[PDB]
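> After the structure tokens below, expect a handful of questions from me.
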Amino acid sequence: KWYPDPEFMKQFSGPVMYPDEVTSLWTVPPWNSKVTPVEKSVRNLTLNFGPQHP
Amino acid sequence: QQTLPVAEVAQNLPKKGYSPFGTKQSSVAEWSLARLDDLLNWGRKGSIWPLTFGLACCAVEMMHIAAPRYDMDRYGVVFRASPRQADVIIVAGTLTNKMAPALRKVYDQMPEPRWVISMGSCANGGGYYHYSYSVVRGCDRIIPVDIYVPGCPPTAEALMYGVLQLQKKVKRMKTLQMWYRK
Ligand code: SF4
């Protein structure tokens with residue numbers, strides 16, 4: 001008996017089940033579909049307060 | 001050296017005029033340009049706005065002048081903080097190397113006609129710290145000084161006397177009258 005094998009499960013599993021030059025190129029399968037944000041560096045504002053300052 | 005005239009010499013002499021140029025102008029253009037200079041100088045003379053740089057020790061006198069004993073706004077002088085709106089800069093205190101580029105930058109960010117008073121010995125010639133590895137010997141080496149107020153510090157009377165001397169210099173400046181020759 002043939003059962004659905006990893007080849008049959010690789011029929012799908014691309015971003016397009018009939019992958020093309022572009023979809024096959026880049027893939028974005030975050031399984032959870034809930035990708036956490038990645039913290040950035042929020043550079044602050046710089047003030048040369050003084051000397052010329054009351 | 002000259003000396004004031006004596007009582008009888010004063011009696012002979014007339015009024016010393018008001019415009020320091022005098023009233024000997026020949027032609028209409030000369031006479032007219034004399035008056036316009038007088039008005040300009042009168043404006044720039046009556047209202048003069050120090051920048052209050054005031055680094056140190058001298059600064060305390062720079063504040064006492066603002067104080068109500070020898071009132072300076074009485075003469076038309078006000079401390080505008082922003083150098084774009086300040087017409088005069090009373091450099092007071094020592095000029096260290098860290099400060100030298102700062103003073104230069106502040107000076108030329110100010111628009112002209114800009115006059116500088118070097119108050120105190122520390123600014124005049126480096127004062128008491130003259131032979132120091134970190135001090136600008138004088139402030140003449142960074143900026144064009146206009147009036148020197150000797151003292152350590154100068155007594156407030158001395159400072160605002162110098163201010164009046166600057167007013168006299170502002171009074172006698174010849175810009176239109178002598179553009180006509182230019
Ligand atoms: S000149 Fe005299 S009063 Fe002025 S900063 Fe130097 S030590 Fe102080």
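Naming works like this for the structure tokens: A, B, ... for the chains as they're shown, residue 1 at the start of each chain, ligands 1 onward in shown order.
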Give the residues close to ligand 1, within 6 Å, counting only C-alpha atoms and all ligand atoms; write them as a list in words.
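Residues lying within 6 Å of ligand 1: residues 56, 57, 58, 93, 94, 120, 121, 122, 127, 152 and 153 of chain B.
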> Save the residues we just selected, N, CA, C and O atoms, as a compact mmCIF listing (two decimals), in the first residue's frame?

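New file result.txt:
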```txt
# COMPACT_ATOMS: atom_id res chain seq x y z
N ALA B 56 33.19 83.74 34.36
CA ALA B 56 33.73 83.49 35.68
C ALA B 56 33.52 84.63 36.65
O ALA B 56 32.71 85.54 36.42
N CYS B 57 34.23 84.53 37.76
CA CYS B 57 34.58 85.66 38.60
C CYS B 57 34.24 87.04 38.05
O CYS B 57 33.59 87.82 38.75
N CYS B 58 34.68 87.41 36.84
CA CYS B 58 34.27 88.72 36.35
C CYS B 58 32.75 88.80 36.22
O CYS B 58 32.18 89.88 36.41
N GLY B 93 36.06 86.91 32.13
CA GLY B 93 36.62 85.70 32.67
C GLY B 93 37.72 85.17 31.78
O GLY B 93 38.06 85.75 30.75
N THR B 94 38.27 84.03 32.18
CA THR B 94 39.37 83.44 31.44
C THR B 94 38.87 82.68 30.22
O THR B 94 37.76 82.15 30.21
N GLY B 120 37.87 92.81 32.55
CA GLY B 120 38.72 92.08 33.46
C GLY B 120 40.09 91.81 32.88
O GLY B 120 40.31 91.84 31.67
N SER B 121 41.04 91.55 33.77
CA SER B 121 42.38 91.22 33.31
C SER B 121 42.44 89.84 32.70
O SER B 121 43.26 89.61 31.82
N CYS B 122 41.58 88.92 33.14
CA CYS B 122 41.69 87.56 32.63
C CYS B 122 41.43 87.54 31.13
O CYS B 122 42.12 86.85 30.38
N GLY B 127 45.29 87.90 32.17
CA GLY B 127 45.24 88.21 33.57
C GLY B 127 46.24 87.41 34.36
O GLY B 127 47.39 87.20 33.96
N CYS B 152 40.26 93.73 38.19
CA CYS B 152 40.27 92.32 38.56
C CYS B 152 39.37 92.08 39.75
O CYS B 152 39.83 91.82 40.87
N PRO B 153 38.06 92.17 39.56
CA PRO B 153 37.36 92.60 38.37
C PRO B 153 37.33 94.09 38.38
O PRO B 153 37.71 94.67 39.38
```
> I need the chain B residues near chain A as a PyMOL selection string; criterion: at most 9 Å, counting only C-alpha atoms.
chain B and resi 52-53+55+81-82+99+102+106
> Take the residues from that selection and put them in a file with C-alpha atoms, as a compact mmCIF listing (two decimals), in the first residue's frame.

```
# COMPACT_ATOMS: atom_id res chain seq x y z
CA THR B 52 26.13 87.98 28.76
CA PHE B 53 28.93 85.54 28.11
CA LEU B 55 32.45 82.90 32.20
CA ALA B 81 20.23 85.67 25.74
CA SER B 82 20.21 84.70 22.07
CA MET B 99 36.48 77.64 25.29
CA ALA B 102 33.33 78.27 21.46
CA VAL B 106 29.55 82.55 19.32
```
> Need the shell around segment 19-23 of chain B: protein/DNA/RNA residues with any atom at most 9 Å away, counting only C-alpha atoms. Skip same-chain ones fewer than 6 positions apart. Format as a list in words?
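That gives residues 31, 34, 35, 38, 171, 172 and 174 of chain B.
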> Okay, now the selection with N, CA and C atoms, as a tab-separated table (two decimals), in the first residue's frame?

```
chain	number	residue	atom	x	y	z
B	31	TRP	N	25.73	117.68	4.07
B	31	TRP	CA	24.93	117.99	5.25
B	31	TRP	C	23.87	116.94	5.50
B	34	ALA	N	25.42	113.77	6.86
B	34	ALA	CA	25.82	113.96	8.24
B	34	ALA	C	24.67	113.65	9.18
B	35	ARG	N	23.47	114.12	8.85
B	35	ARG	CA	22.34	113.89	9.73
B	35	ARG	C	21.96	112.42	9.77
B	38	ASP	N	24.10	110.63	11.98
B	38	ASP	CA	23.78	110.97	13.36
B	38	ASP	C	22.59	110.17	13.85
B	171	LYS	N	28.98	106.51	18.71
B	171	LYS	CA	28.47	107.80	18.28
B	171	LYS	C	29.27	108.38	17.13
B	172	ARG	N	30.59	108.24	17.16
B	172	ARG	CA	31.44	108.89	16.18
B	172	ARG	C	31.71	108.05	14.94
B	174	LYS	N	31.64	106.63	11.36
B	174	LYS	CA	31.33	107.32	10.11
B	174	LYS	C	31.11	106.28	9.03
```
> Suppose you want the space between atom CA of residue 73 of chain B and atom CA of residue 112 of chain B; what is it in Å?
21.2 Å
> From the list B:175, B:85, B:41, B:27, which residue is nearest residue 110 of chain B when using only C-alpha atoms?
B:85
> Among segment 15-150 of chain B, which ones does DSSP place in helix (DSSP H, G or I), written as a PyMOL selection string?
chain B and resi 28-46+58-64+73-75+100-109+120-125+127-129
> Excluding same-chain residues fewer than 3 positions from residue 138 of chain B, what lies within 8 Å of it counting only C-alpha atoms, as a list in words?
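Near neighbours after the sequence-gap exclusion: residues 95, 122, 123, 124, 125, 126, 127, 130 and 141 of chain B.
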> For segment 3-13 of chain A, list every protein, DNA or RNA residue within 12 Å, evaluated using only C-alpha atoms, and leave out those in the same chain fewer than 3 positions away; present the list as a list in words.
residues 16, 17, 18, 19, 23, 24, 27, 28, 29 and 31 of chain A
> Write the residues of the selection above to a file with N, CA and C atoms, as a PDB file, in the first residue's frame.

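The result, written out as out_36.pdb:
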```
ATOM      1  N   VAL A  16       4.085  28.540  -2.952  1.00  0.00           N
ATOM      2  CA  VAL A  16       3.140  28.160  -3.991  1.00  0.00           C
ATOM      3  C   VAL A  16       3.366  26.689  -4.304  1.00  0.00           C
ATOM      4  N   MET A  17       2.288  25.900  -4.292  1.00  0.00           N
ATOM      5  CA  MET A  17       2.433  24.464  -4.509  1.00  0.00           C
ATOM      6  C   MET A  17       2.981  24.145  -5.892  1.00  0.00           C
ATOM      7  N   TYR A  18       2.887  25.084  -6.839  1.00  0.00           N
ATOM      8  CA  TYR A  18       3.563  24.967  -8.124  1.00  0.00           C
ATOM      9  C   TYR A  18       4.639  26.043  -8.149  1.00  0.00           C
ATOM     10  N   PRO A  19       5.759  25.851  -7.452  1.00  0.00           N
ATOM     11  CA  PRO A  19       6.690  26.965  -7.253  1.00  0.00           C
ATOM     12  C   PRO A  19       7.193  27.514  -8.577  1.00  0.00           C
ATOM     13  N   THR A  23       8.322  32.897  -6.239  1.00  0.00           N
ATOM     14  CA  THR A  23       7.792  32.300  -5.019  1.00  0.00           C
ATOM     15  C   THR A  23       8.740  31.234  -4.490  1.00  0.00           C
ATOM     16  N   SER A  24       9.252  30.383  -5.381  1.00  0.00           N
ATOM     17  CA  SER A  24      10.255  29.412  -4.967  1.00  0.00           C
ATOM     18  C   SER A  24      11.515  30.102  -4.463  1.00  0.00           C
ATOM     19  N   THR A  27      10.942  32.500   0.659  1.00  0.00           N
ATOM     20  CA  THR A  27       9.966  31.777   1.460  1.00  0.00           C
ATOM     21  C   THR A  27       9.854  32.434   2.826  1.00  0.00           C
ATOM     22  N   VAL A  28       8.620  32.573   3.302  1.00  0.00           N
ATOM     23  CA  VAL A  28       8.336  33.160   4.610  1.00  0.00           C
ATOM     24  C   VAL A  28       7.286  32.318   5.325  1.00  0.00           C
ATOM     25  N   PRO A  29       7.598  31.087   5.719  1.00  0.00           N
ATOM     26  CA  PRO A  29       6.667  30.299   6.527  1.00  0.00           C
ATOM     27  C   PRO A  29       6.944  30.419   8.017  1.00  0.00           C
ATOM     28  N   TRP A  31       5.633  29.369  11.102  1.00  0.00           N
ATOM     29  CA  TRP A  31       4.592  28.376  11.355  1.00  0.00           C
ATOM     30  C   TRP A  31       3.500  28.935  12.249  1.00  0.00           C
TER      31      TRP A  31
END
```
> As an exercise, work out the distance from atom CA of residue 176 of chain B to atom CA of residue 43 of chain B in Å and give it to one decimal place.
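Separation of atom CA of residue 176 of chain B and atom CA of residue 43 of chain B: 14.2 Å.
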> Could you check the closest approach to residue 91 of chain B for each of B:142, B:40, B:178, B:67 and tell me which residue wins, using only C-alpha atoms?
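Of all the options, B:142 lies closest to residue 91 of chain B.
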> Enumerate the residues of segment 17-163 of chain B with a DSSP assignment of strand (DSSP E), computed from the backbone, and present them as a PyMOL selection string.
chain B and resi 88-92+115-119+147-149
> Quick check, in Å to one decimal: how far apart do atom CA of residue 92 of chain B and atom CA of residue 75 of chain B lie?
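Spanning atom CA of residue 92 of chain B to atom CA of residue 75 of chain B is a straight-line distance of 20.4 Å.
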